[PDB]
>>> print(open('model.csv').read())   # CSV, C-alpha atoms
chain,number,residue,atom,x,y,z
U,193,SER,CA,116.0,80.7,113.6
U,194,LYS,CA,112.9,80.1,111.6
U,195,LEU,CA,111.4,82.8,113.8
U,196,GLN,CA,114.2,85.3,113.1
U,197,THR,CA,113.8,84.6,109.3
U,198,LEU,CA,110.1,85.2,109.5
U,199,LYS,CA,110.5,88.5,111.5
U,200,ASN,CA,113.3,89.8,109.2
U,201,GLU,CA,111.4,89.0,106.0
U,202,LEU,CA,108.6,91.0,107.4
U,203,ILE,CA,110.6,93.9,108.6
U,204,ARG,CA,112.2,94.1,105.2
U,205,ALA,CA,109.0,93.8,103.2
U,206,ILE,CA,107.5,96.6,105.2
U,207,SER,CA,110.6,98.7,104.6
U,208,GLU,CA,110.6,98.3,100.9
U,209,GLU,CA,107.0,99.1,100.7
U,210,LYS,CA,107.6,102.2,102.8
U,211,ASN,CA,110.5,103.3,100.6
U,212,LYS,CA,108.2,103.0,97.5
U,213,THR,CA,105.4,105.2,98.7
U,214,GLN,CA,108.0,107.8,99.0
U,215,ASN,CA,110.6,107.4,96.3
U,216,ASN,CA,109.5,110.2,94.1
U,217,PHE,CA,113.0,110.4,92.7
U,218,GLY,CA,112.5,113.8,91.4
U,219,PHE,CA,108.9,113.1,90.5
U,220,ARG,CA,107.2,116.4,90.0
U,221,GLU,CA,103.5,117.2,90.0
U,222,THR,CA,102.5,119.0,86.8
U,223,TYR,CA,101.1,122.6,87.1
U,224,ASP,CA,97.5,121.6,86.3
U,225,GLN,CA,97.9,118.6,88.7
U,226,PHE,CA,97.6,116.0,85.9
U,227,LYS,CA,94.3,117.6,84.7
U,228,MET,CA,92.8,117.4,88.2
U,229,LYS,CA,93.4,120.8,89.6
U,230,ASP,CA,90.3,122.1,88.0
U,231,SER,CA,88.4,118.7,88.2
U,232,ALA,CA,88.9,115.7,90.5
U,233,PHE,CA,90.9,117.5,93.2
U,234,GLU,CA,88.3,120.2,93.3
U,235,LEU,CA,85.6,117.8,94.6
U,236,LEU,CA,87.2,116.9,98.0
U,237,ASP,CA,89.0,118.3,101.0
U,238,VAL,CA,92.0,116.5,102.4
U,239,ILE,CA,91.1,113.0,103.8
U,240,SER,CA,93.7,112.5,106.4
U,246,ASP,CA,90.4,120.3,113.4
U,247,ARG,CA,88.3,119.5,110.3
U,248,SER,CA,87.2,122.9,109.5
U,249,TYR,CA,90.8,123.5,108.3
U,250,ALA,CA,91.1,120.5,106.0
U,251,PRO,CA,92.2,122.4,102.8
U,252,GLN,CA,90.7,121.7,99.3
U,253,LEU,CA,92.7,118.8,97.8
U,254,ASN,CA,93.7,121.0,94.8
U,255,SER,CA,95.0,123.9,96.9
U,256,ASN,CA,98.5,125.4,97.3
U,257,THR,CA,98.9,124.1,100.8
U,258,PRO,CA,101.5,121.7,101.9
U,259,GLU,CA,99.0,119.3,103.4
U,260,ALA,CA,97.0,119.1,100.1
U,261,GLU,CA,100.2,118.6,98.1
U,262,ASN,CA,101.1,115.7,100.5
U,263,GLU,CA,97.7,114.2,99.9
U,264,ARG,CA,97.8,114.5,96.1
U,265,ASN,CA,101.3,112.9,96.5
U,266,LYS,CA,99.5,109.8,98.0
U,267,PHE,CA,97.3,109.7,94.9
U,268,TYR,CA,100.4,109.6,92.7
U,269,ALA,CA,101.9,106.9,95.0
U,270,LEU,CA,98.7,104.9,94.4
U,271,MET,CA,99.7,105.0,90.7
U,272,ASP,CA,103.4,104.3,91.3
U,273,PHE,CA,104.6,107.9,90.5
U,274,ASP,CA,103.8,107.0,86.9
U,275,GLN,CA,103.2,110.3,85.3
U,276,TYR,CA,101.5,109.2,82.2
U,277,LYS,CA,99.2,106.8,83.9
U,278,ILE,CA,98.2,109.7,86.3
U,279,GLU,CA,97.8,112.0,83.3
U,280,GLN,CA,95.7,109.4,81.5
U,281,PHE,CA,93.5,109.0,84.6
U,282,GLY,CA,93.3,112.8,85.1
U,283,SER,CA,92.1,113.3,81.6
U,284,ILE,CA,89.2,110.9,82.0
U,285,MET,CA,88.3,112.8,85.2
U,286,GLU,CA,88.5,116.1,83.3
U,287,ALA,CA,86.2,114.7,80.5
U,288,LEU,CA,83.6,113.6,83.3
U,289,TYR,CA,83.8,117.0,85.0
U,290,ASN,CA,82.0,118.6,82.1
U,291,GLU,CA,78.6,117.6,83.5
U,292,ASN,CA,78.1,118.4,87.1
U,293,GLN,CA,76.0,115.2,87.3
U,294,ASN,CA,79.1,113.1,87.0
U,295,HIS,CA,80.9,115.0,89.9
U,296,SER,CA,79.8,112.8,92.7
U,297,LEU,CA,81.1,109.7,90.7
U,298,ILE,CA,84.4,111.5,90.2
U,299,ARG,CA,84.5,112.2,94.0
U,300,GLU,CA,83.5,108.6,94.7
U,301,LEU,CA,86.3,107.4,92.4
U,302,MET,CA,88.9,109.7,94.1
U,303,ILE,CA,87.8,108.6,97.6
U,304,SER,CA,88.2,104.8,96.7
U,305,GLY,CA,91.7,105.5,95.4
U,306,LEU,CA,93.1,108.0,97.9
U,307,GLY,CA,91.3,106.0,100.6
U,308,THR,CA,93.0,102.8,99.4
U,309,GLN,CA,96.5,104.5,99.6
U,310,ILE,CA,96.0,106.1,103.1
U,311,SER,CA,94.8,102.9,104.8
U,312,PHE,CA,97.7,101.1,103.0
U,313,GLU,CA,100.3,103.5,104.5
U,314,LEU,CA,98.7,103.5,107.9
U,315,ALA,CA,98.6,99.7,107.8
U,316,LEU,CA,102.3,99.4,106.9
U,317,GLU,CA,103.0,101.7,110.0
U,318,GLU,CA,100.6,99.7,112.1
U,319,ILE,CA,102.3,96.4,111.1
U,320,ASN,CA,105.7,97.9,112.0
U,321,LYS,CA,104.4,99.0,115.4
U,322,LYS,CA,103.0,95.5,116.2
U,323,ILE,CA,106.2,93.7,115.1
U,324,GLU,CA,108.1,96.0,117.6
U,325,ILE,CA,105.6,95.6,120.5
U,326,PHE,CA,105.6,91.8,119.9
U,327,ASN,CA,109.4,91.6,119.7
U,328,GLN,CA,109.7,93.4,123.1
U,329,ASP,CA,107.0,91.1,124.6
U,330,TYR,CA,109.0,88.1,123.5
U,331,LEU,CA,112.3,89.8,124.7
U,332,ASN,CA,110.6,90.4,128.0
U,333,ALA,CA,109.4,86.8,127.9
U,334,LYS,CA,105.8,87.8,128.1
U,335,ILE,CA,105.1,85.6,125.1
U,336,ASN,CA,106.7,82.4,123.7
U,337,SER,CA,108.1,81.8,120.1
U,338,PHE,CA,104.9,80.1,118.9
U,339,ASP,CA,102.8,83.1,119.9
U,340,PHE,CA,105.3,85.5,118.3
U,341,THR,CA,105.2,83.2,115.2
U,342,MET,CA,101.4,83.2,114.9
U,343,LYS,CA,101.3,87.0,115.4
U,344,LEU,CA,103.9,87.4,112.7
U,345,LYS,CA,102.2,85.0,110.3
U,346,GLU,CA,98.9,86.9,110.7
U,347,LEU,CA,100.6,90.3,110.3
U,348,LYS,CA,102.3,88.9,107.2
U,349,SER,CA,98.9,87.7,105.8
U,350,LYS,CA,97.4,91.2,106.3
U,351,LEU,CA,100.3,92.7,104.5
U,352,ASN,CA,99.5,90.3,101.6
U,353,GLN,CA,95.8,91.3,101.7
U,354,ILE,CA,96.6,95.1,101.5
U,355,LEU,CA,99.2,94.6,98.7
U,356,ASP,CA,96.8,92.5,96.6
U,357,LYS,CA,93.9,94.9,97.1
U,358,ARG,CA,96.0,98.1,96.5
U,359,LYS,CA,97.0,96.3,93.3
U,360,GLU,CA,93.4,95.4,92.6
U,361,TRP,CA,92.4,99.1,92.5
U,362,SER,CA,95.4,99.9,90.4
U,363,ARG,CA,94.4,97.4,87.7
U,364,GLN,CA,90.8,98.7,87.7
U,365,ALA,CA,92.4,102.0,86.9
U,366,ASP,CA,94.5,100.4,84.1
U,367,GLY,CA,91.4,98.8,82.5
U,368,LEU,CA,89.6,102.2,82.5
U,369,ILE,CA,92.7,104.0,81.1
U,370,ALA,CA,93.2,101.4,78.3
U,371,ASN,CA,89.5,102.0,77.3
U,372,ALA,CA,88.9,105.6,77.8
U,373,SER,CA,92.1,107.8,78.0
U,374,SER,CA,92.3,108.0,74.1
U,375,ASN,CA,88.8,109.5,73.6
U,376,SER,CA,86.9,110.3,76.9
U,377,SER,CA,86.4,114.1,75.9
U,378,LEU,CA,85.0,112.9,72.6
U,379,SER,CA,82.5,110.5,74.1
U,380,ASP,CA,79.0,110.9,75.4
U,381,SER,CA,79.6,111.9,79.0
U,382,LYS,CA,76.6,109.9,80.3
U,383,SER,CA,77.8,106.6,78.6
U,384,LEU,CA,81.3,107.1,80.0
U,385,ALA,CA,79.9,107.6,83.5
U,386,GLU,CA,77.7,104.5,83.0
U,387,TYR,CA,80.6,102.4,81.8
U,388,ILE,CA,82.7,103.3,84.9
U,389,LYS,CA,79.8,102.6,87.3
U,390,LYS,CA,79.2,99.3,85.7
U,391,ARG,CA,82.6,98.0,85.1
U,392,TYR,CA,84.8,99.6,87.7
U,393,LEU,CA,83.2,101.4,90.6
U,394,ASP,CA,82.3,98.4,92.8
U,395,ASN,CA,85.7,96.8,92.3
U,396,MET,CA,87.3,100.1,93.3
U,397,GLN,CA,85.2,100.7,96.4
U,398,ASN,CA,85.8,97.1,97.4
U,399,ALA,CA,89.5,97.4,97.1
U,400,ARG,CA,89.1,100.3,99.5
U,401,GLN,CA,86.9,98.6,102.0
U,402,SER,CA,89.2,95.6,102.1
U,403,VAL,CA,92.3,97.6,102.8
U,404,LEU,CA,90.4,99.7,105.3
U,405,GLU,CA,89.1,96.6,107.2
U,406,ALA,CA,92.6,95.1,107.1
U,407,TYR,CA,94.1,98.2,108.8
U,408,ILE,CA,91.3,98.2,111.3
U,409,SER,CA,91.9,94.6,112.2
U,410,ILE,CA,95.6,95.2,113.1
U,411,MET,CA,95.2,97.9,115.8
>>> encode(input="model.csv", output="structure tokens")
Amino acid sequence: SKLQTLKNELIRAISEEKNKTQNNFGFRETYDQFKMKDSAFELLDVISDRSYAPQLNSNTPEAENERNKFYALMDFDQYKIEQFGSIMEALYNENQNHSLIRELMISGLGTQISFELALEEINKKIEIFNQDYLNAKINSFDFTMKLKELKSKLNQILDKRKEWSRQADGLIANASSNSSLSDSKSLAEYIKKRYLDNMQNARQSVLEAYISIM
């Protein structure tokens, strides 16, 4: 079966992606939350009743789970997270950078949440469609188009989650050596000009991809 190949490919790819997002492997959050406890994580409440959405830096298990999505965004790579946290900490000095910091954390954490919801959405749709085909509600051509399109959305979200991640690498390569030694304004300006739009667009793209699967 060409069809069974396609479907199994997909189910495996979704699985591996799902294992990733988890596989801490004894990854441990540092005590200062990679320099973001008293900076970036202070500027937001948990993204995923809303009065009880804890501060993202708090000692609650829901804030920890959310911070763990940020670290998944950065592949549980502790020094990359630290290098990003330290630029956030440099920016936090001037309260006029705070809304940039918040915007940056929304683009990233937002990218990861939509990513993981989309993986789950794709999985659900494969299952529904397979039953529909098992129940002979749909033929193999319809099942194949659906799977192809699901597969294409998977590729869009992977590429875009990676797009964000490389934005973050660029900024780290430039600024994690010296951010707290730099003019804060120039550092903010650099980020806005080089990185912010690419980050926000990675986020929108992944978001719209997830929306288009439901």
>>> closest_residue(input="model.csv", among="U:347, U:399, U:319, U:238", to="residue 258 (chain U)", atoms="only C-alpha atoms")
U:238
>>> residues_around(input="model.csv", residues="residue 325 (chain U)", least_positions_apart="2", cutoff="12 Å", atoms="only C-alpha atoms", output="list in words")
residues 318, 319, 320, 321, 322, 323, 327, 328, 329, 330, 331, 332, 334, 335, 340, 343, 344 and 411 of chain U
>>> atom_distance(input="model.csv", atom1="CA of residue 324 (chain U)", atom2="CA of residue 203 (chain U)")
9.6 Å
>>> residues_around(input="model.csv", residues="region 228-230 of chain U", least_positions_apart="3", cutoff="12 Å", atoms="all atoms listed in the file", output="ChimeraX atom specification")
/U:221-225,233-236,252-256,260-261,264,267-268,278-290,295,298-299,302
>>> closest_residue(input="model.csv", among="U:205, U:396, U:384, U:354", to="residue 310 (chain U)", atoms="all atoms listed in the file")
U:354
>>> closest_residue(input="model.csv", among="U:231, U:362, U:341, U:336", to="residue 395 (chain U)", atoms="all atoms listed in the file")
U:362
>>> atom_distance(input="model.csv", atom1="CA of residue 220 (chain U)", atom2="CA of residue 351 (chain U)")
28.6 Å
>>> closest_residue(input="model.csv", among="U:271, U:372, U:202, U:406", to="residue 357 (chain U)", atoms="only C-alpha atoms")
U:406
